[PDB]
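In structure tokens, one chain follows: the form deposited in one PDB entry.
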């Protein structure tokens, strides 16, 4: 029974060794997965920061060109209206 008792202590500490080793593999794999996901989030975070920051200068350029475009549009409408008015003048002159 003494031999069996020492055998039981040996078996127990072997089981503890394997349990700790396996749990270390599990923990390392888990933290590895967390690290990969946070890494991907970091990269994406930085790219979005880049695009968000560029939107300011891009919006300034857009506003400049959009003002110039509103100028061209108003000019065309006014040109066509003036055309109509001078045509009216010509027509009433031709009534003579």
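Positions refer to the first chain, counted from 1. Between two forms, the rigid core is defined as the largest C-alpha subset superposing within 1.5 Å.
Across the two stretches, 5 to 13 and 69 to 77, the PDB entry reports the greater mean Cα temperature factor for 5 to 13. Looking at 81 to 89 and 18 to 26 together, the entry lists the larger mean B-factor for 18 to 26, computed on C-alpha atoms.
Ranking 32, 63, 55, 44 by the C-alpha B-factor listed in the PDB entry places 32 at the top.
Form deposited in another entry: not shown, discussed below.
Core-superposed comparison between the shown form and the other one: the C-alpha position of residue 88 differs by less than 2 Å. Once the rigid core is used as the reference frame, the Cα position of residue 13 differs between the shown form and the other one by 2 Å or more.
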